[PDB]
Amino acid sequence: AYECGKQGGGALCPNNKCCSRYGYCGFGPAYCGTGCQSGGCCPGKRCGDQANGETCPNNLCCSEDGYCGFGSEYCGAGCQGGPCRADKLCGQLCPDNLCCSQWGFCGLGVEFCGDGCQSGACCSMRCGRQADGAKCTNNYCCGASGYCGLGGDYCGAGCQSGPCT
């Protein structure tokens, strides 16, 4: 069975393993070279203003030159996306489902996703009847019990609002 990439239903490889053009995880030219779909591709995948605004897979940083990677060259000055070293403001959605904290910064973890979380992958944003009709952000689904999320548990049976199925 395929492991990753379009052959593997969009899954990523663990530990920055490259997803080959054939949808398997590994390192070396056969995986990280021509056709590499994700992970530590070499060269790095094209991103940002050099890929129609597509972000790097695996939370890699998008360099000023529009290549995916890590290190000061990628995350530092000129960084376009991913975990840049610069604080990322929001209010305006965060990229890649990052939580917009009550303070208006993007991140993950309770400080961002917990109390006061405005959008993105909030821990427990209420919605639906339980929240008097409140809507979810990010086009998430409101589950049966009145929490915002994605996946079958929220978009499937009982789904109240959002892109239910």
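Each residue number is its position in the shown sequence, starting from 1. The term rigid core refers to the maximal set of C-alpha atoms that superpose within 1.5 Å between the two forms.
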Query raised in the report: So which moves more in 5 other deposited structures of this protein by CA, 92 to 100 or 57 to 65, given a superposition on the core?
Result: 92 to 100
Query raised in the report: What number of deposited residues lacks coordinates in the span between residue 91 and residue 92: none, 1 to 3, 4 to 9, or 10 or more?
Result: 4 to 9
Query raised in the report: For the C-alpha atoms alone, is the average B factor greater in 43 to 51 or in 124 to 132, going by the entry?
Result: 43 to 51
Requested in this report: With reference to the PDB entry, specify whether the mean Cα temperature factor is higher for 111 to 119 or for 52 to 60.
Outcome: 52 to 60
**Report entry** Given 9, 23, 149, 146, the residue at which the Cα B factor reaches its maximum
**Finding:** 9
Query raised in the report: With respect to C-alpha B-factor, does residue 155 fall in the lowest, middle or highest third of the chain as deposited?
Result: highest
Report summary line: In terms of its chain's C-alpha B-factors, the third that includes residue 76 is the highest
Requested in this report: Among all modelled residues of this chain, ranked by Cα B factor, put residue 69 in the bottom, middle or top third, i.e. lowest, middle or highest.
Outcome: lowest
Query raised in the report: Ranked by Cα temperature factor within the chain, is residue 138 in the lowest third, the middle third or the highest third?
Result: highest
Query raised in the report: Split the chain's modelled residues into thirds by Cα B-factor; is residue 30 in the lowest, middle or highest one?
Result: highest
